[PDB]
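Below: one structure, written as structure tokens.
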Amino acid sequence: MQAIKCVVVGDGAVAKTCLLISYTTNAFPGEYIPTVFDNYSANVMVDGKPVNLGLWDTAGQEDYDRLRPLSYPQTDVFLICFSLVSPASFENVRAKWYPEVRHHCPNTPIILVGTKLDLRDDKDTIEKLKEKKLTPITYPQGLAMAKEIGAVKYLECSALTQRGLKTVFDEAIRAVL
Amino acid sequence: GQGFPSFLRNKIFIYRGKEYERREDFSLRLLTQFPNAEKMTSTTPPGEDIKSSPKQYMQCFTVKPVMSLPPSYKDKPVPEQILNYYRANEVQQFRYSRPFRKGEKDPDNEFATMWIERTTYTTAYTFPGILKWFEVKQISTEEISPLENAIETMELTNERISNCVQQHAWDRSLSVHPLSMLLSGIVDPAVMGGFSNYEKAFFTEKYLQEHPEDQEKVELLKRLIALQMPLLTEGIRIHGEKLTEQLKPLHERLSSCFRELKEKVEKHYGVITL
Amino acid sequence: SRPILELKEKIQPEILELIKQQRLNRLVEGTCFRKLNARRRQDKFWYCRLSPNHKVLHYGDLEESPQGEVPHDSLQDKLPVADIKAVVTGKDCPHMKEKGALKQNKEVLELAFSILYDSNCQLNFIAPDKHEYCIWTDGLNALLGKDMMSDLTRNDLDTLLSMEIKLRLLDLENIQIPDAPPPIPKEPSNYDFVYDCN
């Protein structure tokens, strides 16, 4: 029996914690109960044997860049995160998140993950982004960024639908495996 | 629906899934059991039209195995193993929490609206049984105030910390990553500060205008966090026993914030410790 | 054979549905299908069994089984039959256009078929030869509810239609069918059948 370290970062405008807690709770979509504390954990089998799991829920704003990297050491995998519907998140990740992550741990299997997969095709959200001159960025350029890092995988999921979310985490676990 | 068999139409069952059934895996298995594999989305309430309509409708979700009552076990300092066995087996009560927004949806806060309409489920027999499933026998709903939710969350956190501390206190060849896991998550409610969230929600006199007579519960929150701090103390010392160089900056952060919260609760929250 | 041909192709659909139902049976019994570039210790053989209900597909990286399909819970027991956009056949498969490590050679151009699902995931598989490739595409299109794409399917259509019709012309032996149908004798408007019914 064993456990796995796995950190998750990202800008605070996407609420990755919602995704994490919904997954760990196994709750109905859009029915998660948000707790008060971070750094969730779970115990899942992906293949062969069940494994313990621990998710490092890391606050994403710039200041905590002094405390966040101290948890990076000996993390089996890290999961870089963004919002598929936030070009600003893309700026931050390709510019700040991804570079500093590669800096701190140049040696770690990495998976890029989308968010608000439904909102990527949300017509009202798309028209709002157009009238706000933001782009509901699609997959292929995300794939291009993934190739830019050459991450062991890149996936896109959503919280309101949990689509691929299990696939996300199974890929995450099998990354070590 | 109506196309369901007689003993299935407009019925509710509880299933003793596998050890690691992610909900949608079991849902897929159930769909394999049936044509008309469509999933409802109003998970809590039934559909009156579908209380008579054909085209069988279903819905599935995990529920909480309510703790059994190990007889003659209520106070003896029994090891966990028997209890963990009692967590899932020999069970007949099952609950499901119901998120609900009740009040103003102020931006920074959600704990001003949380009202859990838990749903307790009793079935005629006790898992495990001759069947891996059973029809629910009596259904019951509940109501939970944000004060209350704050309470129950708070203790369940406390017992979780106690559980991790004890399970690691019996076995030495044990990973310290769970200690980091918790100690971090509790120490910095980084995404949102739960403690200040309680303070704004109830400790503020405003709540004591909404709930003047219902302040006998905020004192319960105070006593419960009061019992929390020493548990945090044993957590800190256990970590120090299991501390490493990478955790050393982590541990000093935990220790500093821990005594900070100590003095805060003693005077800033004004709660008296034990 | 002009009246004969009219009467023959005009009662078409029974052979059609029989063919497609047989195709569904063939999918259900299935086989150990072929993956992409399963060279280094990767199981090229792997079964993809259609549900007897024909709603789910039991498939995944199953072992090199020479006997074929094995009944159990495969690596993935679901393929969503309700949302498949299509299957790409031939050059339309992006993995055929792969120019790196997954370069499917020009000897599998007719063996390339990928199931379109999730709008981003594909199931890039290979067939052991042409006839079963076309058979699997037939079965999928039957799930898609459209026409068949096997030369053997047209073969079966023509041969069995000929068999059935050739059996039907026995009553009219030594007699002919006027390509202009015989004029309908006028029916008296009264329905007062002097003798009883039945």
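Letters A, B, ... mark the chains of the structure tokens in the order given; residue numbers begin at 1 per chain; ligand numbers begin at 1, in order shown.
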Item to check | Within 12 Å of chain B: residues of chain C, using only C-alpha atoms, as a count of residues only | outcome: 17
Sort by chain and increasing residue number a table of all residues of chain A within 7 Å of chain B, each with its closest pair of atoms and their distance in Å to one decimal, counting only C-alpha atoms, and write it as a Markdown table.
| residue | atom | partner | partner_atom | distance |
| --- | --- | --- | --- | --- |
| A:26 | CA | B:23 | CA | 6.4 |
| A:27 | CA | B:62 | CA | 6.8 |
| A:28 | CA | B:61 | CA | 6.5 |
| A:31 | CA | B:99 | CA | 6.4 |
| A:33 | CA | B:99 | CA | 6.6 |
| A:36 | CA | B:194 | CA | 4.6 |
| A:37 | CA | B:189 | CA | 4.7 |
| A:38 | CA | B:185 | CA | 4.1 |
| A:39 | CA | B:185 | CA | 4.6 |
| A:44 | CA | B:20 | CA | 6.6 |
| A:45 | CA | B:20 | CA | 6.8 |
| A:54 | CA | B:181 | CA | 6.6 |
| A:59 | CA | B:191 | CA | 5.8 |
| A:70 | CA | B:246 | CA | 7.0 |
Hey, could you make a per-residue contact list for chain C against chain A with 12 Å as the cut-off, showing the nearest pair of atoms and its distance in Å to one decimal, counting only C-alpha atoms, sorted by chain and number, as JSON lines?
{"residue": "C:75", "atom": "CA", "partner": "A:47", "partner_atom": "CA", "distance": 10.2}
{"residue": "C:76", "atom": "CA", "partner": "A:167", "partner_atom": "CA", "distance": 11.8}
{"residue": "C:118", "atom": "CA", "partner": "A:164", "partner_atom": "CA", "distance": 9.3}
{"residue": "C:119", "atom": "CA", "partner": "A:139", "partner_atom": "CA", "distance": 10.7}
{"residue": "C:120", "atom": "CA", "partner": "A:139", "partner_atom": "CA", "distance": 8.7}
{"residue": "C:121", "atom": "CA", "partner": "A:155", "partner_atom": "CA", "distance": 10.6}
Write the residues of the selection above to a file with N, CA, C and O atoms, as a CSV table (one decimal), in the first residue's frame.
chain,number,residue,atom,x,y,z
C,75,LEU,N,-10.8,-3.6,-20.6
C,75,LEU,CA,-10.2,-2.4,-20.0
C,75,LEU,C,-11.1,-1.2,-20.0
C,75,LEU,O,-11.2,-0.5,-19.0
C,76,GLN,N,-11.9,-1.1,-21.0
C,76,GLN,CA,-13.0,-0.1,-21.0
C,76,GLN,C,-14.3,-0.8,-21.6
C,76,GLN,O,-14.2,-1.2,-22.8
C,118,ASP,N,-16.2,12.0,-27.9
C,118,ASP,CA,-15.8,13.0,-26.9
C,118,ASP,C,-15.4,14.3,-27.7
C,118,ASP,O,-15.0,15.3,-27.0
C,119,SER,N,-15.6,14.3,-29.0
C,119,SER,CA,-15.2,15.4,-29.9
C,119,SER,C,-13.7,15.6,-29.9
C,119,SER,O,-13.2,16.4,-30.7
C,120,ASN,N,-12.9,14.9,-29.1
C,120,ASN,CA,-11.5,15.0,-29.0
C,120,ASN,C,-10.7,13.7,-28.9
C,120,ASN,O,-9.5,13.7,-29.1
C,121,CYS,N,-11.4,12.6,-28.7
C,121,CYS,CA,-10.7,11.3,-28.6
C,121,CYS,C,-11.1,10.4,-29.8
C,121,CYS,O,-12.2,10.5,-30.3
Skipping near chain neighbours, those fewer than 6 positions away, what residues fall within 7 Å of range 149-154 of chain A using only C-alpha atoms, listed as an mmCIF file with C-alpha atoms, in the first residue's frame?
data_model
loop_
_atom_site.group_PDB
_atom_site.id
_atom_site.type_symbol
_atom_site.label_atom_id
_atom_site.label_comp_id
_atom_site.auth_asym_id
_atom_site.auth_seq_id
_atom_site.Cartn_x
_atom_site.Cartn_y
_atom_site.Cartn_z
ATOM 1 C CA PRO A 109 6.154 14.244 -14.882
ATOM 2 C CA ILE A 110 3.689 17.011 -15.683
ATOM 3 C CA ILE A 111 0.169 17.168 -17.107
ATOM 4 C CA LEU A 112 -1.556 20.321 -18.306
ATOM 5 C CA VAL A 113 -5.289 20.406 -17.620
#
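Residues of range 87-156 of chain A that DSSP places in strand (DSSP E), based on the backbone of this structure, are residues 110, 111, 112, 113, 153, 154 and 155 of chain A.
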Checklist entry - So which residues touch residue 74 in chain C within 8 Å, counting only C-alpha atoms, skipping near sequence neighbours fewer than 5 positions away, as a list in words? => result residues 58, 59, 60 and 62 of chain C
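One finds CA of residue 34 in chain A at 27.9 Å from CA of residue 126 in chain A.
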